[PDB]
Amino acid sequence: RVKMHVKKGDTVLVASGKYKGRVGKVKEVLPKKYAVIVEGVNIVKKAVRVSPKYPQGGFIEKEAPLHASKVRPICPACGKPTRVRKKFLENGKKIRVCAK
Amino acid sequence: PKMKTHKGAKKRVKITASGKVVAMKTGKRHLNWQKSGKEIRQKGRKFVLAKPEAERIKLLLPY
RNA sequence: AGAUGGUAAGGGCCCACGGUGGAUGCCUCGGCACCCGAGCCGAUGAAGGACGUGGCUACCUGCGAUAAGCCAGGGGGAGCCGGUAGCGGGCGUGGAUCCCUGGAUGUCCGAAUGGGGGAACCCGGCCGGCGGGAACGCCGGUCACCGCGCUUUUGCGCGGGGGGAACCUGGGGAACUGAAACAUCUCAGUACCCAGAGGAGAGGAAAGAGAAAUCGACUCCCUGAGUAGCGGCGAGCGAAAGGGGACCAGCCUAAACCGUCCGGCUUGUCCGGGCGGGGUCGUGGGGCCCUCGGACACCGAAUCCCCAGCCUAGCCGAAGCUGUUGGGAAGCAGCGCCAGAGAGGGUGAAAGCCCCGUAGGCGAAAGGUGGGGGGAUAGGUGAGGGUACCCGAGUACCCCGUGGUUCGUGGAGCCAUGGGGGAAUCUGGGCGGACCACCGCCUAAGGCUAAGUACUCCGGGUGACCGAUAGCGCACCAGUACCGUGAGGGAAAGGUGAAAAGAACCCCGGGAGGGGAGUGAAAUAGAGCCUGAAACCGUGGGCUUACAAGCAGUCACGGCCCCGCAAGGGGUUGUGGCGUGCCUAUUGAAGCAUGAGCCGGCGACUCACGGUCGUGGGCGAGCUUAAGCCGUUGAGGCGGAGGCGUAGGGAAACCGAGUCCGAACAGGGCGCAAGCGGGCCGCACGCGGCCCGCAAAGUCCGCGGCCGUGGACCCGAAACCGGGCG
RNA sequence: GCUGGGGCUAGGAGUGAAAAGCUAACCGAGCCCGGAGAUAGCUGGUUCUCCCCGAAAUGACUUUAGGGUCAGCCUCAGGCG
RNA sequence: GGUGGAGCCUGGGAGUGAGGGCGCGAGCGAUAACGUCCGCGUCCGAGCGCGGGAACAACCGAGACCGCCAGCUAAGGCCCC
RNA sequence: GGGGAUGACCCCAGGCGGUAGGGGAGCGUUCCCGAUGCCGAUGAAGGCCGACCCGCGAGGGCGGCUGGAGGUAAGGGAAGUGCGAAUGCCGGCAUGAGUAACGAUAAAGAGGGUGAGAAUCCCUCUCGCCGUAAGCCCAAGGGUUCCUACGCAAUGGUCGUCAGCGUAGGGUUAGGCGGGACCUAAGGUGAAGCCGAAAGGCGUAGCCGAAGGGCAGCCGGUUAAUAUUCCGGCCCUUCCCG
RNA sequence: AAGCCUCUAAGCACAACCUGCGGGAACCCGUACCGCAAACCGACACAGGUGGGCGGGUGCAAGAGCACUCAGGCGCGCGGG
RNA sequence: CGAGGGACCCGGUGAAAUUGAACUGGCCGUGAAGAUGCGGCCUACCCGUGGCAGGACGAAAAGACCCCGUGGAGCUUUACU
Ligand SMILES: [Mg+2]
Ligand SMILES: [Mg+2]
Ligand SMILES: [Mg+2]
Ligand SMILES: [Mg+2]
Ligand SMILES: [Mg+2]
Ligand SMILES: [Mg+2]
Ligand SMILES: [Mg+2]
Ligand SMILES: [Mg+2]
Ligand SMILES: [Mg+2]
Ligand SMILES: [Mg+2]
Ligand SMILES: [Mg+2]
Ligand SMILES: [Mg+2]
Ligand SMILES: [Mg+2]
Ligand SMILES: [Mg+2]
Ligand SMILES: [Mg+2]
Ligand SMILES: [Mg+2]
Ligand SMILES: [Mg+2]
Ligand SMILES: [Mg+2]
Ligand SMILES: [Mg+2]
Ligand SMILES: [Mg+2]
Ligand SMILES: [Mg+2]
Ligand SMILES: [Mg+2]
Ligand SMILES: [Mg+2]
Ligand SMILES: [Mg+2]
Ligand SMILES: [Mg+2]
Ligand SMILES: [Mg+2]
Ligand SMILES: [Mg+2]
Ligand SMILES: [Mg+2]
Ligand SMILES: [Mg+2]
Ligand SMILES: [Mg+2]
Ligand SMILES: [Mg+2]
Ligand SMILES: [Mg+2]
Ligand SMILES: [Mg+2]
Ligand SMILES: [Mg+2]
Ligand SMILES: [Mg+2]
Ligand SMILES: [Mg+2]
Ligand SMILES: [Mg+2]
Ligand SMILES: [Mg+2]
Ligand SMILES: [Mg+2]
Ligand SMILES: [Mg+2]
Ligand SMILES: [Mg+2]
Ligand SMILES: [Mg+2]
Ligand SMILES: [Mg+2]
Ligand SMILES: [Mg+2]
Ligand SMILES: [Mg+2]
Ligand SMILES: [Mg+2]
Ligand SMILES: [Mg+2]
Ligand SMILES: [Mg+2]
Ligand SMILES: [Mg+2]
Ligand SMILES: [Mg+2]
Ligand SMILES: [Mg+2]
Ligand SMILES: [Mg+2]
Ligand SMILES: [Mg+2]
Ligand SMILES: [Mg+2]
Ligand SMILES: [Mg+2]
Ligand SMILES: [Mg+2]
Ligand SMILES: [Mg+2]
Ligand SMILES: [Mg+2]
Ligand SMILES: [Mg+2]
Ligand SMILES: [Mg+2]
Ligand SMILES: [Mg+2]
Ligand SMILES: [Mg+2]
Ligand SMILES: [Mg+2]
Ligand SMILES: [Mg+2]
Ligand SMILES: [Mg+2]
Ligand SMILES: [Mg+2]
Ligand SMILES: [Mg+2]
Ligand SMILES: [Mg+2]
Ligand SMILES: [Mg+2]
Ligand SMILES: [Mg+2]
Ligand SMILES: [Mg+2]
Ligand SMILES: [Mg+2]
Ligand SMILES: [Mg+2]
Ligand SMILES: [Mg+2]
Ligand SMILES: [Mg+2]
Ligand SMILES: [Mg+2]
Ligand SMILES: [Mg+2]
Ligand SMILES: [Mg+2]
Ligand SMILES: [Mg+2]
Ligand SMILES: [Mg+2]
Ligand SMILES: [Mg+2]
Ligand SMILES: [Mg+2]
Ligand SMILES: [Mg+2]
Ligand SMILES: [Mg+2]
Ligand SMILES: [Mg+2]
Ligand SMILES: [Mg+2]
Ligand SMILES: [Mg+2]
Ligand SMILES: [Mg+2]
Ligand SMILES: [Mg+2]
Ligand SMILES: [Mg+2]
Ligand SMILES: [Mg+2]
Ligand SMILES: [Mg+2]
Ligand SMILES: [Mg+2]
Ligand SMILES: [Mg+2]
Ligand SMILES: [Mg+2]
Ligand SMILES: [Mg+2]
Ligand SMILES: [Mg+2]
Ligand SMILES: [Mg+2]
Ligand SMILES: [Mg+2]
Ligand SMILES: [Mg+2]
Ligand SMILES: [Mg+2]
Ligand SMILES: [Mg+2]
Ligand SMILES: [Mg+2]
Ligand SMILES: [Mg+2]
Ligand SMILES: [Mg+2]
Ligand SMILES: [Mg+2]
Ligand SMILES: [Mg+2]
Ligand SMILES: [Mg+2]
Ligand SMILES: [Mg+2]
Ligand SMILES: [Mg+2]
Ligand SMILES: [Mg+2]
Ligand SMILES: [Mg+2]
Ligand SMILES: [Mg+2]
Ligand SMILES: [Mg+2]
Ligand SMILES: [Mg+2]
Ligand SMILES: [Mg+2]
Ligand SMILES: [Mg+2]
Ligand SMILES: [Mg+2]
Ligand SMILES: [Mg+2]
Ligand SMILES: [Mg+2]
Ligand SMILES: [Mg+2]
Ligand SMILES: [Mg+2]
Ligand SMILES: [Mg+2]
Ligand SMILES: [Mg+2]
Ligand SMILES: [Mg+2]
Ligand SMILES: [Mg+2]
Ligand SMILES: [Mg+2]
Ligand SMILES: [Mg+2]
Ligand SMILES: [Mg+2]
Ligand SMILES: [Mg+2]
Ligand SMILES: [Mg+2]
Ligand SMILES: [Mg+2]
Ligand SMILES: [Mg+2]
Ligand SMILES: [Mg+2]
Ligand SMILES: [Mg+2]
Ligand SMILES: [Mg+2]
Ligand SMILES: [Mg+2]
Ligand SMILES: [Mg+2]
Ligand SMILES: [Mg+2]
Ligand SMILES: [Mg+2]
Ligand SMILES: [Mg+2]
Ligand SMILES: [Mg+2]
Ligand SMILES: [Mg+2]
Ligand SMILES: [Mg+2]
Ligand SMILES: [Mg+2]
Ligand SMILES: [Mg+2]
Ligand SMILES: [Mg+2]
Ligand SMILES: [Mg+2]
Ligand SMILES: [Mg+2]
Ligand SMILES: [Mg+2]
Ligand SMILES: [Mg+2]
Ligand SMILES: [Mg+2]
Ligand SMILES: [Mg+2]
Ligand SMILES: [Mg+2]
Ligand SMILES: [Mg+2]
Ligand SMILES: [Mg+2]
Ligand SMILES: [Mg+2]
Ligand SMILES: [Mg+2]
Ligand SMILES: [Mg+2]
Ligand SMILES: [Mg+2]
Ligand SMILES: [Mg+2]
Ligand SMILES: [Mg+2]
Ligand SMILES: [Mg+2]
Ligand SMILES: [Mg+2]
Ligand SMILES: [Mg+2]
Ligand SMILES: [Mg+2]
Ligand SMILES: [Mg+2]
Ligand SMILES: [Mg+2]
């Protein structure tokens with residue numbers, strides 16, 4: 001029942017992947033496995049012909065997730081991105097007076 | 001638990017200060033008729049040899 | 001005439017590579033023990049189950065025909081429709097999912113309770129409703145028993161039945177063992193069976209204790225103390241008083257006297273009962289009468305009210321970047337930052353500054369607790385004299401038979417009594433251990449009482465606690481599969497990868513199974529897949545065996561092969577020589593005495609309380625803490641109740657460097673002083689005793705040997721008893 | 001006489017045309033749990049290495065001879081010399 | 001005389017109390033037993049470590065700390081194994 | 001015993017077989033102080049080797065291969081601390097061994113079909129066996145084992161395309177059949193009552209209790225699976241209403 | 001013992017009971033398959049045991065015995081030399 | 001002597017108790033007194049298939065006979081209570 005440190009929507013930045021740093025838009029969050037699938041790691045995952053949604057022989061489909069402890073959320077005009085604060089009349093996320 | 005003093009030993013023998021065990025002589029209580037003044041008289045707290053190392057073991061907590 | 005090489009159906013040794021096999025190494029979602037918080041549920045239907053519910057549902061879990069749920073409130077703020085995938089669908093800032101509280105429904109069984117019943121089924125009575133509804137079915141209320149109050153009988157309200165890991169009280173109650181048999185005794189009033197109540201229970205305000213004219217309810221810990229004592233005086237069992245502490249609360253009622261009503265009836269002047277005032281005592285108290293008077297002032301709940309606080313949801317909460325090896329940085333290198341936070345865990349690896357939280361501070365609409373703190377009420381408040389009316393009836397007391405206290409019949413008290421006899425009401429009684437007198441203590445024959453103490457189903461934190469043969473029987477869909485009619489017994493079974501990125505696609509093959517290709521840091525990391533040993537089964541290479549006899553080995557010579565520049569070394573035995581497996585039990589084993597098919601894992605001399613001896617320390621005629629109290633929650637002090645020894649004899653009285661045996665200074669047994677480091681010359685060589693070894697002299701702790709009680713180095717009976725199942 | 005169905009009888013007890021048979025495949029007193037980790041002077045087992053010394057199977061006694069207490073034999077530590 | 005894992009005293013700690021063979025002094029036996037039970041000594045047990053006796057614990061020699069492709073000897077042998 | 005630089009380093013003399021035992025000195029494993037540390041992807045624990053080095057040793061270092069994330073000095077402590085034996089236990093794999101057996105001596109043979117694969121599956125033609133059953137109908141008992149379709153992961157004492165084996169979908173239709181809304185026997189429970197420390201044990205009336213009594217159904221067809229139930233004919237019973 | 005036949009008590013005799021004539025209602029469980037075996041009990045597709053009924057024909061005097069054979073099934077789930 | 005089911009061969013599935021490792025000859029002696037393993041002599045190329053059971057003091061059961069245990073039970077009596 002851990003919540004997240006990012007929202008759905010809000011722009012997030014990776015830190016400790018195979019690639020080191022690119023800007024993406026988090027879709028989706030998935031807090032069950034605690035792993036975001038933002039835009040970065042395309043995967044070559046195999047898929048059987050049975051259905052067929054791709055009627056030749058395909059070998060690539062949807063995505064692969066990345067662990068949420070790697071990523072960090074940016075404030076939209078700053079370059080600051082590492083910290084979190086809350087609690088001004090509504091639980092937002094504001095650091096270094098950058099908006100959510 | 002804490003060991004118990006052998007009450008037969010406590011009522012029969014008396015240990016002295018320097019480790020010696022003092023107890024009476026036998027052959028006196030039941031029949032004393034056909035005995036001389038020597039054999040009646042010489043009941044004079046005999047000493048026990050090499051058994052007091054197994055006799056002060058049950059005269060143990062109060063000695 | 002002669003002779004070495006040589007043949008390997010097959011074997012043996014060594015080396016390399018595989019398969020079966022799942023030990024070791026590493027992690028935990030796990031249980032184990034300690035600490036506290038907390039501790040009953042339930043006819044307004046408990047604990048626990050049967051059955052069913054998901055669009056499709058096998059199971060687990062949550063729920064109950066309103067059925068992975070509904071309504072209200074609070075938290076929470078962006079993902080959801082449980083584990084849990086897959087097809088197919090719709091929800092959310094107009095606050096979804098999730099957590100907590102209060103509600104509603106809650107089929108059927110189960111105390112089961114309308115009745116029957118072989119539990120999860122069947123059949124009903126009365127009152128209303130529905131189906132065309134008379135006959136048939138369904139739904140919503142009520143209908144079991146017992147004890148009380150009202151109701152004169154009818155009936156209406158209040159409780160109880162059953163279960164609960166451990167604990168407690170009462171009523172019954174063993175046997176093996178120990179005495180190296182064994183019947184009294186111990187085990188033991190323990191295991192076990194029944195009853196009720198509890199968050200504790202029991203006990204509790206002296207007819208007490210026991211020697212001091214003393215203490216002053218009760219419970220628990222340490223002492224006293226293994227002491228006094230009991231015991232075939234054997235085995236062994238075993239206090240109490242007092243003290244230091246934790247806690248501290250004391251009360252209610254009958255009786256004598258009085259008012260109402262009812263009952264018997266001589267309706268007299270009295271008896272019997274329930275209510276209202278009146279009393280709770282040993283300094284004797286109290287009823288009635290007289291005097292002192294003033295309470296209209298004070299105390300105060302264990303009852304009730306409110307509230308601080310705690311619990312059932314949670315929230316805020318400081319501080320970092322760059323480059324390199326690599327797939328991955330958290331490592332490494334540079335410059336920094338925070339700290340009331342450098343505990344832990346996760347993050348492709350090893351992070352205070354990536355995340356969750358630890359430091360610290362906030363948080364209750366609603367429901368429980370509220371022993372803590374403020375208020376109210378019930379209830380208590382006094383002295384002298386007279387009277388001798390009352391102070392707990394088959395009861396005290398006596399006798400016989402009994403249980404408990406250490407008390408087993410002994411001199412046998414006291415506490416309750418199964419039976420027999422049997423009173424008194426303060427000039428009456430009980431106790432101070434047969435008993436008598438004196439002197440002291442207390443009022444029995446009615447009842448209640450929190451706090452301190454035991455235990456953990458459950459919640460969390462800790463651990464020189466463990467790591468899938470460990471740990472609870474179960475870390476896993478376990479009290480399950482399975483065995484037994486049943487009581488009951490009772491398992492094994494964790495690990496791919498950072499991310500399934502779980503191998504699309506081609507080929508052989510019926511499929512399975514793979515060979516390629518590809519993802520992947522690794523595919524001998526391939527789906528019960530981390531590391532993957534040994535026994536075991538094979539494949540390939542070197543040596544040697546078809547005229548040699550041995551618990552199979554060791555030594556020597558030589559041949560062959562392989563390393564090393566060489567010196568040298570490693571595998572094999574053709575021959576020579578020498579040679580009776582391991583352990584136990586034994587006078588004696590290679591033994592035709594026992595155990596062992598092989599490999600991997602589990603396992604056998606500890607611990608509590610004490611005694612003796614030795615050793616390392618501290619102190620020394622002194623040493624020394626226990627229980628408990630005060631402190632951060634990995635920190636210590638306080639706390640001389642107590643114990644050993646300093647003087648010992650004697651059975652005790654009693655005496656004391658002496659005691660006892662005894663008339664005795666005869667004599668003897670117990671102890672006694674005999675001097676170790678010893679400048680001690682104080683100036684008298686009697687040296688009195690000194691710098692001075694921490695010792696004659698002992699205590700506390702540690703570490704070892706041994707011993708007693710505990711199961712006590714482990715395994716293994718034939719049997720006995722209690723409760724039940726057949 | 002044989003047998004189906006519903007029952008009753010049980011552990012020092014039941015039943016038995018009587019063997020001490022049967023009582024859930026084993027009955028001179030069942031089975032399950034608990035006391036109970038009962039007891040066993042009676043078998044077996046008891047796990048790393050090195051060094052120093054080194055036994056005894058004898059005597060005196062026990063409802064006792066296959067086990068014991070003391071002495072004898074051995075070792076360690078402290079003293080005598 | 002004898003300085004030796006000789007003795008004496010105290011304390012701690014076990015084990016042993018089924019022994020057997022050989023020579024002598026004996027008993028029972030049958031002057032039989034690798035038979036039973038004592039004493040005097042040794043050995044095995046505990047030296048199944050070694051050489052000889054063909055092989056064998058007590059018959060003889062000898063008391064194995066380890067190593068060497070060194071000698072001398074004890075008992076027993078010198079025709080070959 | 002000595003040189004006594006007290007040397008815990010070397011000389012001299014003697015000794016060094018050994019069970020039960022007595023004593024002394026060390027090695028290894030789990031965890032803890034040291035540890036808010038050190039080592040570790042340039043590779044930790046563990047596994048396989050070494051003809052390497054040190055040690056009289058239990059062993060410890062160093063080198064190579066595999067492995068993928070932990071280990072921990074020096075100096076000490078606490079033990080659930082060292083295994084080859086217990087007709088020990090647990091798990092695996094051997095010998096027995098390609099050996100016995102393959103389950104009544106009722107009996108098989110042949111031609112086609114399906115299928116990759118047929119002595120074993122389906123059809124056809126012969127032969128044999130039971131036929132007071134080795135046939136049919138019920139009650140016990142068992143609980144989907146019944147039928148169809150698709151398959152051989154496992155099972156069938158061989159194979160198997162078959163299966164009483166696995167997956168999925170269907171299938172049990174009652175006023176008259178058997179039970180309850182009817183009754184009762186043995187026996188059980190049990191108002192009243194009796195007895196017993198408690199649990200409880202007897203027990204009238206009444207209740208439960210059956211392959212016992214009573215009660216209204218016969219024939220034929222239908223499916224792959226239901227039949228005295230569904231259907232066709234035909235006959236009855238109970239209760240209520242006018 | 002109940003259904004059913006008959007006589008009555010309280011009660012009712014505008015009720016109640018019986019026979020006809022027409023119209024309605026009839027509830028809960030079992031129901032497949034094996035059921036003398038491969039599906040029951042025996043750890044097994046086990047040569048064992050399992051209650052009731054039909055259980056034919058021909059010949060032996062008869063008969064549920066014997067021999068064969070209708071309807072019905074079966075060749076026994078390892079075979080070939 | 002003949003017949004069938006096994007035994008024997010082949011195709012398929014394929015255990016079991018036992019088991020220290022074994023490269024396991026005979027005789028004569030020794031050894032705990034009944035030798036494949038010890039000593040001497042003789043025989044024997046290695047490995048199998050079918051059969052006999054004389055040996056491995058072969059297997060099963062920790063002798064079921066006897067003795068001991070101050071073991072435990074069943075039974076008897078003028079043994080005790
Ligand atoms: Mg990087
Ligand atoms: Mg004392
Ligand atoms: Mg070959
Ligand atoms: Mg390999
Ligand atoms: Mg291997
Ligand atoms: Mg495996
Ligand atoms: Mg009620
Ligand atoms: Mg419930
Ligand atoms: Mg469920
Ligand atoms: Mg709100
Ligand atoms: Mg809000
Ligand atoms: Mg989901
Ligand atoms: Mg989908
Ligand atoms: Mg979906
Ligand atoms: Mg939407
Ligand atoms: Mg809300
Ligand atoms: Mg909602
Ligand atoms: Mg609720
Ligand atoms: Mg309801
Ligand atoms: Mg009921
Ligand atoms: Mg009932
Ligand atoms: Mg009505
Ligand atoms: Mg109506
Ligand atoms: Mg109507
Ligand atoms: Mg109630
Ligand atoms: Mg108790
Ligand atoms: Mg009692
Ligand atoms: Mg007894
Ligand atoms: Mg005894
Ligand atoms: Mg007692
Ligand atoms: Mg109760
Ligand atoms: Mg109760
Ligand atoms: Mg309490
Ligand atoms: Mg209390
Ligand atoms: Mg109480
Ligand atoms: Mg009380
Ligand atoms: Mg009182
Ligand atoms: Mg006290
Ligand atoms: Mg006090
Ligand atoms: Mg009154
Ligand atoms: Mg009053
Ligand atoms: Mg309140
Ligand atoms: Mg936060
Ligand atoms: Mg933070
Ligand atoms: Mg970085
Ligand atoms: Mg960290
Ligand atoms: Mg850093
Ligand atoms: Mg906090
Ligand atoms: Mg309350
Ligand atoms: Mg309080
Ligand atoms: Mg009076
Ligand atoms: Mg008495
Ligand atoms: Mg009394
Ligand atoms: Mg009495
Ligand atoms: Mg009295
Ligand atoms: Mg008295
Ligand atoms: Mg009183
Ligand atoms: Mg707990
Ligand atoms: Mg386990
Ligand atoms: Mg493991
Ligand atoms: Mg069963
Ligand atoms: Mg790649
Ligand atoms: Mg692969
Ligand atoms: Mg591949
Ligand atoms: Mg493998
Ligand atoms: Mg697998
Ligand atoms: Mg891993
Ligand atoms: Mg593996
Ligand atoms: Mg080969
Ligand atoms: Mg020759
Ligand atoms: Mg040759
Ligand atoms: Mg040789
Ligand atoms: Mg051993
Ligand atoms: Mg011996
Ligand atoms: Mg042997
Ligand atoms: Mg042998
Ligand atoms: Mg033996
Ligand atoms: Mg054996
Ligand atoms: Mg004197
Ligand atoms: Mg004297
Ligand atoms: Mg002195
Ligand atoms: Mg000690
Ligand atoms: Mg019979
Ligand atoms: Mg019994
Ligand atoms: Mg009897
Ligand atoms: Mg009888
Ligand atoms: Mg029997
Ligand atoms: Mg028996
Ligand atoms: Mg036992
Ligand atoms: Mg006992
Ligand atoms: Mg003894
Ligand atoms: Mg020696
Ligand atoms: Mg001795
Ligand atoms: Mg000495
Ligand atoms: Mg000596
Ligand atoms: Mg003896
Ligand atoms: Mg003797
Ligand atoms: Mg002798
Ligand atoms: Mg002899
Ligand atoms: Mg002789
Ligand atoms: Mg000797
Ligand atoms: Mg020998
Ligand atoms: Mg010789
Ligand atoms: Mg010898
Ligand atoms: Mg020597
Ligand atoms: Mg010479
Ligand atoms: Mg020298
Ligand atoms: Mg010399
Ligand atoms: Mg030695
Ligand atoms: Mg020894
Ligand atoms: Mg461990
Ligand atoms: Mg490093
Ligand atoms: Mg490497
Ligand atoms: Mg480790
Ligand atoms: Mg590998
Ligand atoms: Mg152990
Ligand atoms: Mg083993
Ligand atoms: Mg065996
Ligand atoms: Mg085994
Ligand atoms: Mg063959
Ligand atoms: Mg054969
Ligand atoms: Mg054979
Ligand atoms: Mg055969
Ligand atoms: Mg045949
Ligand atoms: Mg054919
Ligand atoms: Mg054909
Ligand atoms: Mg054809
Ligand atoms: Mg055929
Ligand atoms: Mg049935
Ligand atoms: Mg079955
Ligand atoms: Mg099935
Ligand atoms: Mg088919
Ligand atoms: Mg198959
Ligand atoms: Mg098969
Ligand atoms: Mg096919
Ligand atoms: Mg079928
Ligand atoms: Mg099927
Ligand atoms: Mg009925
Ligand atoms: Mg009805
Ligand atoms: Mg009835
Ligand atoms: Mg009746
Ligand atoms: Mg009856
Ligand atoms: Mg009855
Ligand atoms: Mg009854
Ligand atoms: Mg009937
Ligand atoms: Mg009938
Ligand atoms: Mg019809
Ligand atoms: Mg009648
Ligand atoms: Mg049928
Ligand atoms: Mg049918
Ligand atoms: Mg039949
Ligand atoms: Mg069967
Ligand atoms: Mg068969
Ligand atoms: Mg059969
Ligand atoms: Mg029959
Ligand atoms: Mg004729
Ligand atoms: Mg005829
Ligand atoms: Mg016949
Ligand atoms: Mg036919
Ligand atoms: Mg056939
Ligand atoms: Mg066949
Ligand atoms: Mg067959
Ligand atoms: Mg046959
Ligand atoms: Mg064959
Ligand atoms: Mg011989
Ligand atoms: Mg040999
Ligand atoms: Mg020979
Ligand atoms: Mg034979």
# chains A, B, ... in the order shown; residues from 1 in each chain; ligands from 1
$ residues_around --residues "residue 35 of chain G" --least-positions-apart "5" --cutoff "9 Å" --atoms "only C-alpha atoms (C1' of nucleotides)" --output "list in words"
residues 140 and 141 of chain F; 40 of chain G
$ residues_near_ligand --ligand "ligand 5" --cutoff "12 Å" --atoms "only C-alpha atoms (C1' of nucleotides) and all ligand atoms" --output "count of residues only"
16
$ atom_distance --atom1 "atom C1' of residue 192 of chain C" --atom2 "atom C1' of residue 712 of chain C"
26.8 Å
$ residues_near_ligand --ligand "ligand 137" --cutoff "10 Å" --atoms "only C-alpha atoms (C1' of nucleotides) and all ligand atoms" --output "list in words"
residues 144, 145, 146, 147, 148, 163, 164, 165, 166 and 167 of chain F
$ residues_around --residues "segment 59-70 of chain A" --least-positions-apart "2" --cutoff "7 Å" --atoms "only C-alpha atoms (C1' of nucleotides)" --output "list in words"
residues 14, 15, 16, 34, 35, 36, 37, 41, 42, 43, 44, 45, 46, 47, 57 and 72 of chain A; 347, 354, 355, 499 and 504 of chain C
$ residues_near_ligand --ligand "ligand 9" --cutoff "9 Å" --atoms "only C-alpha atoms (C1' of nucleotides) and all ligand atoms" --output "list in words"
residues 52, 59, 60 and 61 of chain C
$ closest_atom_pairs --of "chain A" --to "ligand 1" --cutoff "10 Å" --atoms "only C-alpha atoms and all ligand atoms" --output "Markdown table"
| residue | atom | partner | partner_atom_place_in_ligand_line | distance |
| --- | --- | --- | --- | --- |
| A:15 | CA | ligand 1 | 1 (Mg) | 8.4 |
| A:16 | CA | ligand 1 | 1 (Mg) | 6.9 |
| A:17 | CA | ligand 1 | 1 (Mg) | 8.4 |
| A:18 | CA | ligand 1 | 1 (Mg) | 8.5 |
| A:19 | CA | ligand 1 | 1 (Mg) | 8.4 |
| A:20 | CA | ligand 1 | 1 (Mg) | 6.3 |
| A:21 | CA | ligand 1 | 1 (Mg) | 9.5 |
$ write_last_selection --atoms "N, CA, C and O atoms" --output "mmCIF file, in the first residue's frame"
data_model
loop_
_atom_site.group_PDB
_atom_site.id
_atom_site.type_symbol
_atom_site.label_atom_id
_atom_site.label_comp_id
_atom_site.auth_asym_id
_atom_site.auth_seq_id
_atom_site.Cartn_x
_atom_site.Cartn_y
_atom_site.Cartn_z
ATOM 1 N N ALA A 15 17.303 7.663 -13.851
ATOM 2 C CA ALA A 15 18.655 7.930 -13.370
ATOM 3 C C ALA A 15 19.610 6.755 -13.518
ATOM 4 O O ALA A 15 20.787 6.967 -13.815
ATOM 5 N N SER A 16 19.142 5.523 -13.320
ATOM 6 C CA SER A 16 20.028 4.371 -13.163
ATOM 7 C C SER A 16 19.590 3.208 -14.045
ATOM 8 O O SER A 16 19.488 2.063 -13.601
ATOM 9 N N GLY A 17 19.331 3.484 -15.323
ATOM 10 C CA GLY A 17 19.025 2.451 -16.287
ATOM 11 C C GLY A 17 20.240 2.049 -17.105
ATOM 12 O O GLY A 17 21.380 2.405 -16.803
ATOM 13 N N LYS A 18 19.977 1.268 -18.158
ATOM 14 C CA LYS A 18 21.025 0.968 -19.131
ATOM 15 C C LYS A 18 21.417 2.224 -19.897
ATOM 16 O O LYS A 18 22.603 2.467 -20.150
ATOM 17 N N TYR A 19 20.430 3.027 -20.273
ATOM 18 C CA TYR A 19 20.635 4.383 -20.756
ATOM 19 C C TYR A 19 20.553 5.331 -19.567
ATOM 20 O O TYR A 19 19.768 5.109 -18.640
ATOM 21 N N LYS A 20 21.365 6.379 -19.587
ATOM 22 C CA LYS A 20 21.493 7.282 -18.446
ATOM 23 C C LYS A 20 20.836 8.616 -18.792
ATOM 24 O O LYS A 20 21.501 9.564 -19.216
ATOM 25 N N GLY A 21 19.521 8.684 -18.605
ATOM 26 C CA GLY A 21 18.827 9.955 -18.638
ATOM 27 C C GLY A 21 18.138 10.310 -19.938
ATOM 28 O O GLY A 21 18.796 10.694 -20.910
#
$ residues_around --residues "segment 72-80 of chain G" --least-positions-apart "2" --cutoff "10 Å" --atoms "only C-alpha atoms (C1' of nucleotides)" --output "ChimeraX atom specification"
/F:102,104,106-108,119-120,128-131,133-136,156-159 /G:45,70 /H:10-13
$ residues_near_ligand --ligand "ligand 48" --cutoff "10 Å" --atoms "only C-alpha atoms (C1' of nucleotides) and all ligand atoms" --output "list in words"
residues 357, 358, 359, 360 and 361 of chain C
$ write_last_selection --atoms "C-alpha atoms (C1' of nucleotides)" --output "PDB file, in the first residue's frame"
ATOM      1  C1'   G C 357      10.514   5.319   7.234  1.00  0.00           C
ATOM      2  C1'   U C 358      13.754   6.024  11.738  1.00  0.00           C
ATOM      3  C1'   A C 359      14.964  11.966  15.194  1.00  0.00           C
ATOM      4  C1'   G C 360      11.084  15.101  16.362  1.00  0.00           C
ATOM      5  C1'   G C 361       6.053  16.978  15.963  1.00  0.00           C
TER       6        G C 361
END
